[PDB]
């Protein structure tokens, strides 16, 4: 059985508007630059776009600190430009998903300005205010973005809670007036015909009664602890009943911190919470849990075991998104592939094949369709991201970690790796801007750009385009069940996707040498659906493949 829906079979593209296309020379991407490139996305074969936050914001965290939920960000343009994006997407039969950030607002949001003015203001209980303990913060809560999660306010003498930047105070979801105002805000956007919502850090809305201290253990994985609020599902379901279920939308929940065996409660269709799981297990598989900027070695067997556990967790009643990178993570070809010149294009096509053959809604992050890479940051000042400055302050300026070792890691792990501007063409600043880009463009744009790829049939771009057409053509590549042929193999990633008699095999050689790979049991090849970097022909009934380094392919198997 399988309830098909548009959002299960969609291929989404994620646009980070600050870095997509600048159309007025200020160095920052804008709405009009999205509009201008919709035919490019339609040619790739995308039918839905998720945009990162597009609201009025002081940009401490690039739109995730929202100062007014009902205004367009000044740098992105006007409400008129927003409504044109919708209307021009509609002309092209594309659906828009927006980013809903209601764990916290900017400290400049009118609600916070009132709340901080004193204990008597009607907005006081819109945020979390607590007394110090012996002239220190109410408790030992750390922030994701550095220091304590409590900021002293001199006006009142009390501390306010901020899991993120001190300019992102957390909204008090235990206050029913807060939830009702957020619901009116959602209806403002949903009434404009938006087709999807992504809920940013949806699992942290419910705070822990009485705010007790975290134990030593809990301090080393506090992200998980902040997901343990006792009313989180009451609140998500109430939001579904009062708002989400009255419109026709797909909702995605970004559940950072949630242990994978707690994820299903958010997405089981019978629970009437959200539709699509954004889990972080796979994309953070190689990240230290205590020093969250540090990476550690990982293996293909580790990777594929997580793919399979995420897949099984969704089970019959949930549904996964699948992504290998996004605006919070290094670029996939650098992170999971080999980004050197001899291999980058083969590895990028290998990972596209993986992505576009998962039992999940795939999300392609802008630039990945070109094989864009991490950026060669050298000095701490080459980064923009508030998060990396928080890590530098906590670990390097306290003398706990040498600056150079810190940099060797954040070069690989920083969010700013995925925020360098999109490489449109080979002209100055890769045609992203007529001015000076807000974050420097990778010098590899001369070799990696959309103009060089869009009409080259062998390009990474056109291999993504071919895979998307393949996936739409073959229902088993969307709905088929997933079986990993060998979860312990560290060289060749091979799995099947099966619907009844229709059985397909995906095979990717993660090694930089030729690998021979004999199929298990009685499996043999009926057809080749596509391959990249193939040298040995595959004939009817072949039971073995000779895989070139970085070779990837999809095959139909004999019954």
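Positions refer to the first chain, counted from 1.
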**Study point:** Entry-level comparison of average CA B-factors, 475-483 and 148-156, reporting the higher stretch
**Key:** 148-156
Point to revise | 183-191 set against 114-122, stretch whose average Cα temperature factor tops the other in the entry | key: 114-122
**Study point:** Largest Cα B-factor, entry values, listed residues 422, 267, 173, 464
**Key:** 173
Review point. Hey, out of 316, 281, 238, 99, whose CA B-factor is highest in the deposited coordinates?
Key: 316
Exercise for review: Report the third (lowest, middle or highest) to which the CA temperature factor of residue 15 belongs, ranking only the modelled residues of the same chain.
Suggested key: lowest
Review point. Going by what the PDB entry lists, where does residue 521 fall on CA B-factor within its chain: lowest, middle or highest third?
Key: highest
Review point. Taking the C-alpha B-factors as the PDB entry records them, is residue 508 in the lowest, middle or highest third of its chain?
Key: lowest
**Study point:** Third of chain Cα B-factors occupied by residue 207
**Key:** highest
Review point. Mind checking which third residue 361 falls in for C-alpha B-factor across the chain?
Key: lowest
